[PDB]
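In the form deposited in one PDB entry, a lone chain appears below as structure tokens.
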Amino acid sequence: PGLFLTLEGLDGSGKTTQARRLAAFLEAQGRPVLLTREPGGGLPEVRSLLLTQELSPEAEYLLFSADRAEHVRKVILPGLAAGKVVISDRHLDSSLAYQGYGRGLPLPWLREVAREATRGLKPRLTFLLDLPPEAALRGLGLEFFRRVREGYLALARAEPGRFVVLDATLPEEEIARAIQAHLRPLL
């Protein structure tokens, strides 16, 4: 049947390390796992273009959406179909937090765009590594990042049965054990 898990948070929140540690945990249990990420899991050139390219919020979101649609169709759904636990480092919630709450696009339109792109797929659990922007390991520019951080927390409190919010400043090993604890009833 497979199981779709995601990790979310600011760049430097540790969600990339935790995604790796989660995959390793599953490997040690003998559970087939596929680790992937956005942007670029669908369309690698989208990732490379957006390193440098300045774009409107709409166009940025739509490029990210094209990547996500191809990611869903070619990577995630086929992995789930083989009964893998598929872990994505970032998924739709990243666009909602960054292009929505950060850059100001309205969530209902963002979700309508995503509806066909994601084909009704939803993460069973989403681990949000929360910390303030000043704690991310990787004045005025921080206002955006605080909108993003708050936007994530807004998403989480709207879906408390999907989000698990973790103190990203805790030791790496302890965050990983918290993740495992939340996940264990679902395997």
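When you see a residue number, it is the position in the sequence shown, counting from 1.
Beyond the structure shown, there is the form solved in complex with a small molecule, which is absent from this document and is the topic of what follows.
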Location of the small molecule contact in the entry with it bound, chosen stretch of 114-122, 156-164, 25-33, 38-46 [non-hydrogen atom, 4.5 Å]: 38-46
Heavy atom of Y98 within 4.5 Å of the small molecule in the entry with it bound: yes
Partner proximity in the entry with it bound: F127 to the small molecule, non-hydrogen atom cutoff 4.5 Å: no
